[PDB]
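Form deposited in one PDB entry, single chain, as structure tokens, below.
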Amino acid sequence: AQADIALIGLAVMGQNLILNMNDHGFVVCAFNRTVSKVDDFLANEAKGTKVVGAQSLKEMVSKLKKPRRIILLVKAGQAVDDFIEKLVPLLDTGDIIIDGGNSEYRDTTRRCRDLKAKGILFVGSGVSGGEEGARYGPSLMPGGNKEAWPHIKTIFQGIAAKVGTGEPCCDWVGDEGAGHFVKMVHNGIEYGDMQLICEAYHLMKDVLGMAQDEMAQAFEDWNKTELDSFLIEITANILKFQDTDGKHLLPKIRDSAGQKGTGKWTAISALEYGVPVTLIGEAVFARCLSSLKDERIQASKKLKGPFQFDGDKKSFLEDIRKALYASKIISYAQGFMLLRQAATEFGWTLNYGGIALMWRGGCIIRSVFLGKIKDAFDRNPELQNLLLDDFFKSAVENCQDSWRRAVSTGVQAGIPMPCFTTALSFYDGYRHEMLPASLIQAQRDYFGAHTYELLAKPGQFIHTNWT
């Protein structure tokens, strides 16, 4: 038993994680269902390393130090269950299987429970950062049976991306499918951040009439602020990028972002669990709307809009920046509400501050802002909503006049801002003690005798004869 850990499946992600572990001094046993790929890997990408191969699952298991640790990176679904089924009879009580694939969190929960009953410790782990991240360090979001955590922590935190203060972006997420649930929400959050940047861009371009390189510089300047993030960095670079003919490339690109994307699952989850995650929902629907390109070409010939901007440009640009920041705060508050609800539904204990940290590092959504979210949970690990933390409360308060001006102006100009507007609507709803929803209750009681509750007596259902 000379190998520290094994990894099954030899596509690029798995190869790169293996090499990452190797570079950190761990002896890894590589395996693949088509075993010829093991030899190929050893002869090429793993040439000259400490990586060892196996020609069968039984041999692979035999090479592992106990408790045995086996990572699966294979196609999500049946392939994962089929490897689990083949592995169980070969393992010993206390051995550990980690699924690092793109798995659905309900499958992870099922596997965690079923394997626990068999004496096998199961971890589902989100992995973010793609092929390059896997190679030099991923964000890792492990959850599962926590009995496994002390055994995988050294390897997983060792290979993980680090932030600039040294903390690894990997920590135990929570029970059962929590790690994969967190990866799912991260995917939705990403849609929100990208759509928000698009709305800011649209306002710069069509309200302020800014040049491409001027908008690049605005985003660059913004990146020195509270907004400092990878997505803003690459946006600036994209905006200034010139094609071979000297013309900017971005204006040549088809604006259709797809109807089928994975971000939908976060919005669906929100609806299933009854959580108002409105911004990610609008971001998903905005991609869908963009995919309607031919329909929009036709509509643009038929349907009319409203306008000339007379104000101070620098001031309004700052208003857009603050609208973007405030809207982002609302989006993350919503995403964390979804995490909280899942915890309630399943009885999970979630590491909220750790999740914020894990979303830095290899993740596309990495930002200084995420460090502030970690700070909020570190100040108060019992924090119920991000909006109630003093930093975020102060931020929104300081941004809100700008936010309303940006939205009001965009509305007058006819610029679509589905995410800016949903975020503001949500903020205004959440902060109101009284909402008109009582009228919905009255309507349902009127037409269907559904009843209603009095403010003074919650939990007691009353029918009134309205007619």
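The term rigid core refers to the most C-alpha atoms you can superpose between the two forms while keeping them within 1.5 Å. Residue numbers run from 1 along the displayed sequence.
According to the record, 1 to 3 deposited residues between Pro306 and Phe307 are left without atomic coordinates. The deposited model assigns a higher average Cα B-factor to 230 to 238 than to the other stretch when 230 to 238 and 187 to 195 are compared. Stretches 269 to 277 and 295 to 303 differ in mean CA B factor, with 295 to 303 having the higher one. When the C-alpha B factors of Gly174, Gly263, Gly100, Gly246 are read from the deposited coordinates, the top value falls at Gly246. Of all the options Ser402, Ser425, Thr409, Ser36, the entry's greatest CA B-factor is assigned to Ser36. Split the chain's modelled residues into thirds by C-alpha temperature factor. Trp348 is in the middle one. Annotation for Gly48: CA B-factor lies in the highest third of the chain's modelled residues. In the deposited entry, the Cα temperature factor of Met141 places it in the lowest third of its chain's modelled residues. Ranked by C-alpha B-factor against the other modelled residues of its chain, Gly126 falls in the lowest third. The entry lists a Cα temperature factor for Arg68 that places it in the middle third of the chain's modelled residues.
The form deposited in another entry exists for this protein as well; it is not shown, and the discussion that follows is about that form.
Here the two forms are overlaid on the core, and between this form and the one not shown the C-alpha of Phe156 is the only one among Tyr191, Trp222, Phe336, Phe156 to shift by 2 Å or more. After superposition on the rigid core, displacement of the C-alpha of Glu453 between this form and the one not shown stays below 2 Å. Annotation: Cα of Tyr427 displaced by less than 2 Å between this form and the one not shown, core superposition. In the core-superposed comparison between this form and the one not shown, the C-alpha atom of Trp403 has shifted by less than 2 angstroms.
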